[PDB]
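*Asks:* For the record, the sequence lines run as chains A, C and B. Quick note, the entry's author numbering runs 2 ahead of the 1-based positions in the first sequence. Quick note, the entry's author numbering runs 2 ahead of the 1-based positions in the second sequence. Quick note, the entry's author numbering runs 2 ahead of the 1-based positions in the third sequence.
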Amino acid sequence: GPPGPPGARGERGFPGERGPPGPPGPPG
Amino acid sequence: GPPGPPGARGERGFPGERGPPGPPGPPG
Amino acid sequence: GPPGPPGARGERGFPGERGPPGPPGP
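(1) Could you compute how far the alpha carbon of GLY9/A sits from the alpha carbon of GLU13/B?
(2) Quick check: the Cα distance between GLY18/C and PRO23/A, rounded to an integer number of angstroms?
(3) Would you kindly work out how many angstroms separate the C-alpha atoms of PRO25/A and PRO25/C, rounded to a whole number?
(4) Measure the alpha-carbon distance for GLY3/B versus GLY6/C and round it to whole angstroms.
(5) Alpha carbon to alpha carbon, how far is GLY15/C from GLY21/A? Give it in angstroms, no decimals.
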């Protein structure tokens, strides 16, 4: 028999990491 | 017939969240 | 023929942006 159809789409990627903390605040 | 070719690659993951506010500024 | 195997997992999402500056000092 002829080759089957293409498989299902793969899983969505893992989420990106949360960004780092901001820089130190203003002096005043 | 033989199995079809592998499916398409998954979509990109979610973007990461914006990081938290930075540490407090120096006293003054 | 039967459907092919599932695709590979996608790329990881982009990293988040750096947070905003902290509050003013006391």
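Note that the Cβ used here is the ideal one computed from N, Cα and C, for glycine as well.
*Replies:* By the coordinates alone:
(1) 19 Å
(2) 13 Å
(3) 7 Å
(4) 7 Å
(5) 15 Å
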